[PDB]
J.: 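A single structure is presented below for examination.
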2 protein chains.
Amino acid sequence: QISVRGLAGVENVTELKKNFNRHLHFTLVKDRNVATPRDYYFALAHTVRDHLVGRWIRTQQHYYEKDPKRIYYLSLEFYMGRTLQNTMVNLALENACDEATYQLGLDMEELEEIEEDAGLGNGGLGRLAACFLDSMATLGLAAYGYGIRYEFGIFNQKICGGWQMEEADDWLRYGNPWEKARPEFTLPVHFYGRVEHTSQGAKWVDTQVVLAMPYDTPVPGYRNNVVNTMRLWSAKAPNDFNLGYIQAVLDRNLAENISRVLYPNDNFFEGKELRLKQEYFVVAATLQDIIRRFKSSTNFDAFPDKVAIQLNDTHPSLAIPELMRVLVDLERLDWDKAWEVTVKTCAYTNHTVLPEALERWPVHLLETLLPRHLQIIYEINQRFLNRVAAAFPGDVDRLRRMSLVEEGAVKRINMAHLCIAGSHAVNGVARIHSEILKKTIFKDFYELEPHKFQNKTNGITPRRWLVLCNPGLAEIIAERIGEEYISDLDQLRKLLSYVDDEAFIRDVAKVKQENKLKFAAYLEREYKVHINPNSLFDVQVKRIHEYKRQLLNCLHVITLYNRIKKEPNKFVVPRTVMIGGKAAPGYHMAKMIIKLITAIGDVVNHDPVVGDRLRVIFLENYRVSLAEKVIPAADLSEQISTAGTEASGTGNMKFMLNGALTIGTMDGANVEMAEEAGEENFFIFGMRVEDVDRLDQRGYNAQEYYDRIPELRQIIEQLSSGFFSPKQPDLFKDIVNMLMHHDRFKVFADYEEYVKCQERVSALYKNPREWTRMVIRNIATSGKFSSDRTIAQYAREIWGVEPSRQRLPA
Amino acid sequence: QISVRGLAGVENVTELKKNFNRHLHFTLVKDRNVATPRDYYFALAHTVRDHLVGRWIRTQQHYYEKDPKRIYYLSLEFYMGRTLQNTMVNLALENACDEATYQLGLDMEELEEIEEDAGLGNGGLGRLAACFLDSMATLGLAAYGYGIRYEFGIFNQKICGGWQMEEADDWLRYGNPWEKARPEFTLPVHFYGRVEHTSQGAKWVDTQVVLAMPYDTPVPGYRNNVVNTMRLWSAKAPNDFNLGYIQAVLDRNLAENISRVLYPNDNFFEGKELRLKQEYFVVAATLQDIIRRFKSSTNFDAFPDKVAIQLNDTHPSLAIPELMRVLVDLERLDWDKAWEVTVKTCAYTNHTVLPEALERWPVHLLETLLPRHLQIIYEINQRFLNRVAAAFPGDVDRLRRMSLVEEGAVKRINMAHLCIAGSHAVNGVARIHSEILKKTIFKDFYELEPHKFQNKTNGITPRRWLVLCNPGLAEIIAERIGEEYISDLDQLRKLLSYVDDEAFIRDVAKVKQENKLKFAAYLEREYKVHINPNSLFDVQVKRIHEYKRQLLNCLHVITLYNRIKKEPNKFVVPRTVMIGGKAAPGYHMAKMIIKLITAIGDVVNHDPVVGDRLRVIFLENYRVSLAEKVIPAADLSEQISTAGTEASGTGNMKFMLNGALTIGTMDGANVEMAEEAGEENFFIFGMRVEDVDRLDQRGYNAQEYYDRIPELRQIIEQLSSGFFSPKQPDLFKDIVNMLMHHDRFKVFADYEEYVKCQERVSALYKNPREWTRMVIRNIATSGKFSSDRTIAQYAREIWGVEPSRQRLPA
Ligand SMILES: COc1ccc(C2=NO[C@@]3(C2)O[C@H](CO)[C@@H](O)[C@H](O)[C@H]3O)cc1
Ligand SMILES: COc1ccc(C2=NO[C@@]3(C2)O[C@H](CO)[C@@H](O)[C@H](O)[C@H]3O)cc1
């Protein structure tokens with residue numbers, strides 16, 4: 001159909017049809033008479049998978065022959081989403097498969113909807129890892145993603161009576177055609193035990209053993225025939241485990257629980273033993289695999305020349321003392337040499353400055369679970385503090401501030417401090433965030449080792465986040481500037497010469513309208529909800545958190561509603577306000593915010609006076625697959641975190657690429673997005689970081705805003721009195737109390753500027769031509785935010801490797 | 001190579017080679033450079049599996065079109081063993097695959113050794129189910145085996161310091177290429193809850209739900225293109241199960257534990273809740289599947305015309321009240337009609353008379369777990385006892401004897417009584433056993449309903465137990481009488497005309513010697529144990545149990561040892577005495593017997609005076625795959641249970657088919673084996689059932705035998721004094737005490753006759769020609785013991801269906 005989706009050659013289509021039929025028969029053991037849509041999906045998935053295998057085998061043998069430096073990306077989260085369409089896109093098979101299935105009497109888009117998301121992440125951090133894997137393969141890097149194969153990913157969200165309910169994400173129920181179990185490469189992981197000091201060093205003895213079984217998933221690069229590997233570990237009990245008899249076999253579950261479930265927390269540290277076990281499990285299995293591959297290329301001097309380990313936040317921080325453990329205790333290297341190797345091998349990316357998100361593990365937990373690692377951490381700390389003391393003599397408070405060990409009620413290990421000490425590079429994820437690191441939380445460390453600190457602004461893959469989810473936009477762009485931009489997003493700048501082109505203005509607006517129509521149809525079909533496709537689609541999709549200020553959005557919605565009720569016969573630009581996202585199950589306030597959103601919708605959506613002028617919808621079960629649907633449909637992207645709290649954001653970049661305008665604070669990557677597009681083409685409002693600092697020094701008094709803003713007072717009185725909960729008048733008392741007395745994120749302080757800015761949004765939307773011209777200026781300057789740019793920077797500035805766009809032989 | 005293994009055609013070999021290479025590449029994602037023997041096994045398994053699928057699909061569609069009466073074989077145990085060679089044998093692919101792999105530079109027999117046994121059974125009962133499935137497919141019956149997919153089968157046995165150690169049988173670790181998951185046919189199973197009586201009947205409410213997910217395994221018939229199904233259920237938690245959050249997901253294990261592990265008891269009832277859950281789980285899921293298939297052919301009058309349910313012992317006895325529950329509570333049939341349908345549908349096979357093996361479930365367990373079923377059982381009991389009372393007026397003791405409910409300390413339900421009441425046919429598994437049922441334990445029931453009671457003597461499949469495990473013997477037979485005997489074992493009678501044939505005598509003895517050489521080589525390679533292949537191979541392999549009297553064998557071994565020590569320079573026929581079998585983990589005496597056997601070996605095998613004249617070896621980890629190796633190698637089969645205790649035995653039949661002579665009591669099928677071969681061709685000794693009865697009336701006094709048999713006294717004194725355990729003098733005190741004071745199985749009473757009979761065995765072995773002629777007379781008369789004969793009898797006399805040897809189109 002469309003050019004960017006590749007060729008549908010007679011030979012290819014014929015071969016795909018026969019292999020589809022072969023898999024339906026031999027693999028699925030079905031015939032066309034009893035086969036269901038799900039059977040057809042699997043037949044297609046197996047057919048497409050077959051095209052990966054040759055490339056996968058030859059890529060890995062190529063790395064063995066060439067022996068390049070290997071990049072190991074360690075993460076507790078990989079938010080992959082669906083794999084079928086992505087694989088077709090990267091292999092240039094989309095049009096061919098569309099044709100082949102059409103000739104078989106099937107609709108490929110219907111088949112695509114059957115696949116479960118691989119939801120092995122919470123949101124931004126896990127999705128970043130996924131985009132990074134795509135870019136590393138596209139740039140021809142010898143890269144491996146290492147994580148945990150959770151049996152249960154992020155929970156499925158159901159809304160019942162306006163409240164969030166959780167159910168298990170049983171994503172493996174029907175099988176996973178993309179993974180290949182590798183039980184032959186199973187490795188032991190040790191827990192508990194005790195440390196024994198001998199004539200020849202320390203020994204870790206009397207341990208409990210859990211097996212780590214790897215599953216490999218292919219990661220295809222964009223049309224370069226490179227296929228890299230994501231290796232995820234699954235926990236298995238040894239066969240002699242606890243070996244009355246029946247109970248001993250049943251108790252195997254205790255060991256295997258390590259890989260059972262993803263902790264569902266976004267930007268929050270939960271210091272539970274099971275989580276610590278997960279963190280060591282991935283680190284210990286991965287490091288053994290790395291060392292084995294290195295030895296099968298004695299001389300650990302060349303280790304950092306052949307190995308780079310990237311730590312995705314502090315979650316895999318145990319890699320540092322584990323590497324030291326192996327080099328010192330097992331390989332018999334002297335401490336100083338082992339440390340040199342460790343520092344040159346490891347690098348650390350920080351993803352957040354929120355205090356409650358930082359990992360600080362109780363010493364007593366590490367003492368019991370990992371006694372040798374605690375000893376190594378103590379030794380690292382002593383040698384590090386000796387360096388600090390030499391550099392800043394007599395500065396006793398600096399010593400206590402910089403220590404890896406924190407004293408108090410319970411002694412804790414600060415994992416961020418451990419990571420900085422044991423890495424040759426430390427980076428933040430957006431310019432403003434990286435600067436905040438050097439000025440505030442890591443100031444002492446920056447003063448000691450300034451060369452260590454870097455910035456690497458986040459990005460998103462334009463394969464998934466443009467070509468896959470928005471083929472209509474990809475096509476109209478390709479018509480003007482060709483296809484090269486898909487792996488070189490900076491080429492989008494060429495679209496600036498089309499901002500006054502009448503045909504292009506028309507096509508951009510047409511594609512958006514089509515996306516909005518399709519999404520409005522999706523909502524009626526799957527959720528029986530009705531929306532006006534002619535309204536402004538105002539979208540805030542992201543995890544529910546106080547810092548992200550879904551509450552500020554709520555205040556604006558109620559403001560709009562109240563203004564309509566005050567002057568019903570006055571014209572207003574119609575809006576569909578859509579808010580979606582999951583709350584962590586134990587996060588009370590986040591669950592209350594969801595209830596508030598649905599409660600507002602219950603009032604607003606059924607008021608006859610409002611009509612089709614304002615609709616409030618909560619998007620249930622926000623996940624990667626839903627993002628791919630709603631983002632291309634959006635007109636307005638809400639990026640409204642309190643300045644200094646969103647380290648980068650990546651949803652922001654997705655919206656910019658897909659033709660939505662942004663209303664946002666100068667926070668995270670928003671700053672750089674506005675810099676790229678020009679501030680005139682961005683809807684910027686609210687406090688800057690400096691303004692937040694000034695307010696904190698003064699003391700934030702929410703009452704002041706309540707007293708001086710009549711429209712805000714009305715809303716608070718409505719919430720308190722039970723306007724949005726008539727049967728339960730005091731339902732939202734917790735929300736009001738927080739807003740009035742203990743709001744860490746200063747919702748009221750940005751209210752006036754936000755509402756004012758929203759009026760400017762509505763004004764521009766009244767002028768379709770000028771709206772679209774501003775959209776074109778955003779799309780055209782979105783190039784910097786490709787994860788290809790991000791990964792190229794990591795490669796050159798941290799890993800010491802050169803990216804390549806050269807094809808491998810097919 | 002050999003004729004019975006089929007053709008190796010140029011086309012077939014070429015196609016097998018290319019499909020092998022295709023699977024290694026696409027399915028396993030390997031190349032010849034990194035592939036291991038295990039990879040090669042899987043490539044072969046997938047290649048052979050492909051040949052099943054067409055036949056499997058067409059067989060099942062054929063049954064849908066023809067709508068024959070369906071046979072449902074319900075069992076908690078299916079002891080399948082390995083599948084690769086069996087599939088090749090039944091598809092006539094063995095020689096072709098041997099050639100194809102040879103041309104690829106691989107040894108197929110090496111590849112076959114990689115496959116794990118499917119050990120979903122304890123021994124005889126589970127193996128009978130497996131042979132039955134093979135015969136039902138070979139006889140073209142529309143038959144389905146239904147059971148549980150245990151994650152862990154019968155434990156692997158390790159011998160450490162002469163003691164049995166258990167480890168988990170993680171048989172699914174590397175995957176199972178033979179099964180096809182069918183998550184789309186998942187069914188709910190209900191537990192606990194309460195009964196609510198309404199206007200329109202009873203309702204079972206507030207239940208806990210566990211999902212039953214089916215896995216299908218193909219069961220190929222012998223060269224008839226029929227492929228039947230074994231459907232095994234796996235337990236899955238519903239996604240809202242227990243839905244803080246993390247613990248709720250972890251607690252899913254509680255539901256899924258139902259299908260985790262096989263109870264490892266042979267002929268013993270363990271009344272645990274988990275076992276009851278397993279029994280209902282298989283019954284509830286299976287019955288829903290049966291009813292669905294019946295409705296997709298309202299009128300339940302024709303149900304028994306289209307459905308037969310065979311209960312493999314009382315383990316699936318809950319099928320009776322479950323069927324009543326569905327028909328009465330859900331389908332709204334009147335009780336009398338539902339009962340008529342149930343009785344005509346169900347039939348019950350009893351497999352044991354040992355009191356400790358009979359299922360008697362505490363009422364309090366059924367009350368809590370299955371409250372509606374208990375109510376139905378009470379109603380069945382009342383109506384049944386009303387029938388008994390009408391037939392035998394005033395016989396109050398008969399009423400209490402026949403009741404399904406047993407009174408006492410704890411009230412129990414007698415499941416055997418339930419089965420007899422609710423089945424139209426009840427059978428024992430050998431003539432002597434079926435007679436014992438009518439004369440003793442079920443006498444009252446036989447008097448009420450004589451027409452119900454039948455015999456169906458057990459059998460074994462000649463495919464696995466001759467062609468597969470002993471191709472050399474199969475070939476020399478085929479050379480004389482052709483190939484038809486493989487599916488018509490009665491044709492072996494034609495070998496009687498060759499008993500004086502000098503060439504045949506030579507060939508039979510040659511095949512045995514070759515088997516003995518191969519097995520002696522297997523022992524050195526895998527266990528570093530050395531044996532004389534010129535010695536008489538004296539073998540007792542079966543589960544360890546007091547009733548099977550491994551202890552009687554031990555007494556003979558020590559007798560032989562003592563006689564050698566008394567007269568060292570006197571010639572004796574050299575023997576290798578081999579004993580193998582697993583003990584149930586909680587069966588103390590059985591574990592003590594294993595230790596005794598190894599302790600005897602420790603003394604006997606290292607005595608320089610004995611030399612190579614006597615060796616005692618314990619065969620570790622006895623299982624189906626080991627049976628296939630040792631049985632063809634055996635000279636003497638030990639079948640020495642106390643008369644009246646072994647219901648049938650099936651190991652006995654395996655040895656007879658493979659050219660071993662039998663030393664045995666007149667117990668189980670031994671009686672019929674001797675009848676078929678002639679008593680002159682069997683080594684019969686010991687008490688008959690009548691003699692055991694006489695001794696019981698008198699009172700068994702072991703001291704009497706001790707006092708009057710000097711050779712027996714010597715052995716007991718050796719055991720007691722610590723001759724076989726010098727470092728632990730009193731190690732075998734429990735064994736001596738049991739033998740002397742509480743031996744239920746009268747070991748001493750058969751000692752003299754046993755030793756005498758063993759002397760006659762040695763005498764005949766000294767004459768190779770006459771030994772072999774007697775062997776030929778055994779093989780020639782083994783035809784009755786084919787499971788094809790057994791299944792044909794079930795078909796005609798119980799199920800009301802006609803077997804067919806007609807081919808389906810290929
Ligand atoms: C479980 O602990 C955490 C889970 C998630 C996270 C984060 N999720 O999103 C964050 C940080 O990382 C993204 C990728 O760099 C950034 O774009 C977000 O701004 C940041 O909040 C931090 C800790
Ligand atoms: C767990 O409960 C039981 C397990 C096994 C058994 C049996 N195993 O072997 C038995 C009975 O059945 C075989 C098949 O009919 C017979 O050949 C054996 O003689 C009998 O002991 C009985 C109860």
Side-chain angles (χ1 to χ4, degrees), chain A residues 75-77 79 121-129 131-132 262-270 275 312-315 349-354 356-359 427-430 433 456-460 542-543 545 547-548 584 641 645-653 667-670 790, chain B residues 75-77 79 121-129 131-132 262-270 275 312-315 349-354 356-359 427-430 433 456-460 542-543 545 547-548 584 641 645-653 667-670 790:
Chain A
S75 186
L76 274 282
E77 298 186 27
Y79 205 160
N122 277 286
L125 177 145
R127 183 56 231 181
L128 188 78
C131 289
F132 278 11
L262 169 75
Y263 275 82
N265 302 311
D266 191 287
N267 275 281
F268 185 77
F269 170 61
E270 198 175 347
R275 171 67 170 201
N312 201 23
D313 215 84
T314 61
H315 316 152
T349 303
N350 169 278
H351 295 267
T352 186
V353 304
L354 300 164
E356 66 265 32
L358 300 179
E359 294 196 295
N427 76 281
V429 292
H433 167 66
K456 297 289 168 283
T457 302
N458 279 170
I460 55 168
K542 52 189 69 231
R543 288 293 296 263
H545 202 296
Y547 89 85
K548 291 172 187 283
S641 54
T645 63
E646 191 75 85
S648 169
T650 50
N652 52 184
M653 303 167 188
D667 197 19
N670 293 2
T790 309
Chain B
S75 186
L76 274 282
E77 298 186 27
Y79 205 160
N122 277 286
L125 177 145
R127 183 56 231 181
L128 188 78
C131 289
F132 278 11
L262 169 75
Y263 275 82
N265 302 311
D266 191 287
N267 275 281
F268 185 77
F269 170 61
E270 198 175 347
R275 171 67 170 201
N312 201 23
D313 215 84
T314 61
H315 316 152
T349 303
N350 169 278
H351 295 267
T352 186
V353 304
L354 300 164
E356 66 265 32
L358 300 179
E359 294 196 295
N427 76 281
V429 292
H433 167 66
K456 297 289 168 283
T457 302
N458 279 170
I460 55 168
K542 52 189 69 231
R543 288 293 296 263
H545 202 296
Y547 89 85
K548 291 172 187 283
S641 54
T645 63
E646 191 75 85
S648 169
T650 50
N652 52 184
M653 303 167 188
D667 197 19
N670 293 2
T790 309

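Letters A, B, ... mirror the listed sequences (proteins, then strands); counts begin at 1. Both ligands and their constituent atoms are indexed starting at 1 by order of listing. Computed over heavy atoms, backbone and side chain alike; hydrogens, waters and symmetry mates excluded.
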J.: Which heavy atom of A:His545 sits nearest to which heavy atom of A:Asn267, and what is that distance?
T.: NE2-O, 4.1 Å
J.: With B:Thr650, which of B:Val429, B:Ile460, B:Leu125 fulfils side-chain contact (heavy atoms from CB on, under 4.5 Å)?
T.: B:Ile460
J.: What verdict does the side-chain hydrogen bond (donor to acceptor under 3.5 Å, both in side chains) test give for B:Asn122 and B:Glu77, after you've listed the backbone C-alpha separation in whole Å, the side-chain angles of each residue and the deciding distance to 0.1 Å?
T.: CA-CA 7 Å; B:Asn122 277 286; B:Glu77 298 186 27; 2.9 Å; yes
J.: N or O contacts of ligand 2 with protein under 3.5 Å, please list pair by pair.
T.:
residue: ligand 2; atom: 2 (O); partner: B:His315; partner atom: NE2; Å: 3.3
residue: ligand 2; atom: 15 (O); partner: B:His351; partner atom: ND1; Å: 2.7
residue: ligand 2; atom: 15 (O); partner: B:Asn458; partner atom: OD1; Å: 2.9
residue: ligand 2; atom: 17 (O); partner: B:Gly649; partner atom: N; Å: 3.0
residue: ligand 2; atom: 19 (O); partner: B:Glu646; partner atom: OE2; Å: 2.7
residue: ligand 2; atom: 19 (O); partner: B:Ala647; partner atom: N; Å: 3.3
residue: ligand 2; atom: 19 (O); partner: B:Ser648; partner atom: N; Å: 3.1
residue: ligand 2; atom: 19 (O); partner: B:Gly649; partner atom: N; Å: 3.1
residue: ligand 2; atom: 21 (O); partner: B:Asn267; partner atom: ND2; Å: 3.0
residue: ligand 2; atom: 21 (O); partner: B:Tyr547; partner atom: OH; Å: 3.1
residue: ligand 2; atom: 21 (O); partner: B:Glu646; partner atom: OE2; Å: 3.2

J.: Compare every heavy atom of A:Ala129 with every heavy atom of A:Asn312, then report the nearest pair and how far apart it is.
T.: ND2-CB, 4.2 Å
J.: Measure the OH-CG distance between B:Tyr547 and B:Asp667 for me, rounded to the nearest 0.5 Å.
T.: 8.5 Å
J.: Taking all non-hydrogen atoms of both residues into account, name the closest pair between B:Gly459 and B:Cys131 and its distance.
T.: O-CB, 4.4 Å
